[PDB]
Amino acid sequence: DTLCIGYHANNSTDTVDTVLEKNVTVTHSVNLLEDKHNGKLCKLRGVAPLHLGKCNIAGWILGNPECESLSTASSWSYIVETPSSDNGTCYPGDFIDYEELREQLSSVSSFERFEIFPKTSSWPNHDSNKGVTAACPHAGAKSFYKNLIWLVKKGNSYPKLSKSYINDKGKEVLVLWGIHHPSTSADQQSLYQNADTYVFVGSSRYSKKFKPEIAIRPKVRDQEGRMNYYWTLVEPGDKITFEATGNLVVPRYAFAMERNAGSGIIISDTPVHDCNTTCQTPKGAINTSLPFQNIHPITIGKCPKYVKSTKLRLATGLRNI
């Protein structure tokens, strides 16, 4: 005498929405939406990313004199460039199938850089010391790509060259080379005597004959000439043959490489740190179990679905009163 029956209430002010009522105060509630990141570029599997810093992919593999300080990590989960990395192809030209390479290079399981064609003992009928440019400066002194050699004629003679590498590694070998297109027919012979030359690269799958296109281009980094960059993957046991009567920028360093496909490239100012994460964005990492997130649409890893919502509050308790 008597017995009343009722429910709970507290000082809570958490509101949620329903199909029939908006802003309903309720005893308890959880959040389904993650909206918090650590503002750090973290490891992703268990392997840290590759940070290029001042340079971009192009400058990194070619060996631009400024990217001099970065190439060792034998594997990475993804690649990071800065929006203010401009050090790439210092000598104007076209990087064929560039963005594609970048994709292939986004994540790698093993990546060792070996000297494919040793500079000293490989080019015995050509000058391998005269190939520098003011476009690729190093120490105010003219320089060039570390991983490429700009073969010019040996004093009035550019004999047909023909070298070839056979992949004895136990994995794919990324090989990069270049074709130089002089601005004038005077520079053509000055560099490679012969006035009509041709370059041929061939493997078991690749085959392409290049013809120099001599003409005056508008000056880019003070060059009226151009230099196009090419790359290919050589299977294990397969060989690749270089042949040229001039205008060939030969490979000096190649890359033994094994690629675990399925990653990407992040262009961000966000500092790279020693932390584990299962999901990465350019603004930072996400450590969450929630089904949804509104931090960034571009994500890498096993991430929550990106949603436009500004709050996803799921009621657990009951009405307050």
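Position 1 is the first residue in the sequence shown; the rest follow in order.
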Of the two stretches 287-295 and 250-258, which shows the higher Cα B-factor on average in the entry?
287-295
May I ask you to compare 141-149 and 68-76 by their mean CA B factor in the entry and name the higher one?
68-76
From 228, 207, 106, 82, can you pick the one with the highest C-alpha B factor in the entry?
207
Split into thirds by Cα B-factor across the chain's modelled residues, where does residue 239 land: lowest, middle or highest?
middle
Third of chain Cα B-factors occupied by residue 98
lowest
Sorting the chain's modelled residues by C-alpha B-factor and splitting them into thirds places residue 111 in the lowest
Residue 281's Cα B-factor: lowest, middle or highest third of the chain?
lowest
Where the record places residue 124 (Cα B-factor, split into thirds across the chain)
middle
